[PDB]
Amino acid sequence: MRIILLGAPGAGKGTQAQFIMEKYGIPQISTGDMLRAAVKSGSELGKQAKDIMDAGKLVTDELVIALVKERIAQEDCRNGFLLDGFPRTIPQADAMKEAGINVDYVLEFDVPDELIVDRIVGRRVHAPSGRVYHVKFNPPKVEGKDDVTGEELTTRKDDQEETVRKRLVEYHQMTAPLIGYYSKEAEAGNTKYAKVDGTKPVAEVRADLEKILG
């Protein structure tokens, strides 16, 4: 099974990607996670993203397409995968099509602009695994600690209000058009498309996704 998660920053994509990985046994391919990791390690493919992410801007289509292709070509993706935060532009989607990377489900997480900044204020992450928490809405079992490793959680460098604002503008300019794009793909019978209400509690969004996917 191959899945794309679509939606504004803070919609709940990374959170639900974890559940889907656990339930359906497919890997989460998060271009944000990969680029952050590339910057941290100084990997030649992706270290270039540091300043661009800090500005809340999208990195080049070229760079992330390469990252995704490398990840996909590996073993653990042979039998399905979930793309979380990719594609982010129509050229990225077209590159998938040209490379014959079709998908089974596109899942649109719908959350009002107004919930985004406030929501992301509370985001804390465990960078080694990609696990995401919220100090109020989805807390770790021990305050400030990852549930698995017990390591102190961090705040993403791009998760401050001003940067989130810039990211949302970029989302509407470049990324929102993927809703139309994939809706048209679904009308052509190339994928299934479903929209979920991302304002519901984490557990309810999870149950809504299970109904669609199961």
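One rule holds for the numbers: they count along the sequence shown, beginning at 1.
Averaged over their C-alpha atoms, the temperature factors of 97 to 105 and 71 to 79 are higher for 71 to 79.
The stretch with the higher mean CA B factor, choosing between 107 to 115 and 131 to 139, is 131 to 139. In the deposited coordinates, the residue among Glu170, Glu44, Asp158, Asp33 with the greatest CA B-factor is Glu44. The entry assigns its greatest Cα B factor, within the set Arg165, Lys145, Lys57, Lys184, to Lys145. For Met21, the recorded CA B-factor ranks within the highest third of the chain. Only modelled residues enter the ranking. In the deposited entry, the Cα temperature factor of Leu153 sits in the top third of values across the chain's modelled residues. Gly189: CA B factor lies in the middle third for its chain, per the PDB record. Ranked by Cα temperature factor within the chain, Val196 sits in the middle third according to the deposited record. The deposited CA B-factor of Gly180 belongs to the middle third of values across its chain.
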